[PDB]
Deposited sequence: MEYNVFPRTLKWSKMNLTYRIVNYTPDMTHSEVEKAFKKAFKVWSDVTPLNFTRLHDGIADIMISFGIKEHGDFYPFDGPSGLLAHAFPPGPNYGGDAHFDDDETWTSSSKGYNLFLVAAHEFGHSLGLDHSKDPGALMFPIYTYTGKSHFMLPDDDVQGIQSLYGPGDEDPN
């Protein structure tokens, strides 16, 4: 027999993601670079591996959308809600949605897609919010990034450290 796991997490270390569509604000390359970097934040401190799928069903389906876009968490136009992601699980579990009424950037302007995506993928992997004000998972946006210690401690609690050197 098997009882359900203690915590919500992926039962496998090899995870796929798919960029379903793209924002007007950045090139395909810029969007791809930002998400690859944001996944690397987490894979660097765990045994998790992330591979991009161009089509088909991936574990973490990424999309840009506005207002009602197919779930119980409609977006709200510019500012306010920037994005959201669902905890590990089947179907919409793990998926990350970005509000395309925001201006997404690879820089300090608008909202940095990398930074917001890194926070989102924290959710996709099983982290909720932190009370550590320096944490990536501290639910307030601010802008060489290094994953703060609270976030490392949190993610490793779920997946272990993987290779430590």
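Participant: Where does the structure fail to cover the deposited sequence at the C-alpha level?
Facilitator: According to the record, the gaps fall at 1 to 2, 146 to 149, 172 to 173.
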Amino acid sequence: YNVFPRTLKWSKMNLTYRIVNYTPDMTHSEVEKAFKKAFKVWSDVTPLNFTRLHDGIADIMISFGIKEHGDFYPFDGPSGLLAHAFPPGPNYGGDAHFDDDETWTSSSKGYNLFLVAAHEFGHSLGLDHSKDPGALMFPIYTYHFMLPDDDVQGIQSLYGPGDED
From here on, numbers count along this sequence of modelled residues.
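Participant: Could you check which stretch, 1 to 9 or 154 to 162, carries the larger mean CA temperature factor in the entry?
Facilitator: 1 to 9 has the higher mean C-alpha B-factor.
Participant: 103 to 111 versus 42 to 50: which one carries the higher mean Cα B factor per the record?
Facilitator: Mean CA B-factor is higher for 103 to 111.
Participant: Given 26, 127, 57, 96, identify the residue with the highest C-alpha B factor in the PDB entry.
Facilitator: Result of the comparison over 26, 127, 57, 96: 57.
Participant: Should residue 31 be placed in the lowest, middle or highest third of its chain by the C-alpha B factor in the entry?
Facilitator: Its C-alpha B-factor, which the entry lists for residue 31, ranks in the middle third among residues of this chain.
Participant: Report the third (lowest, middle or highest) to which the CA temperature factor of residue 21 belongs, ranking only the modelled residues of the same chain.
Facilitator: Lowest third, going by the recorded CA B-factors of the chain.
Participant: Against its chain's modelled residues, does residue 123's Cα B factor rank lowest, middle or highest third?
Facilitator: Lowest third, going by the recorded CA B-factors of the chain.
Participant: Using the B-factor values recorded in the entry, state whether the Cα atom of residue 131 falls in the lowest, middle or highest third among the modelled residues of its chain.
Facilitator: Highest third of the chain for residue 131's C-alpha B-factor.
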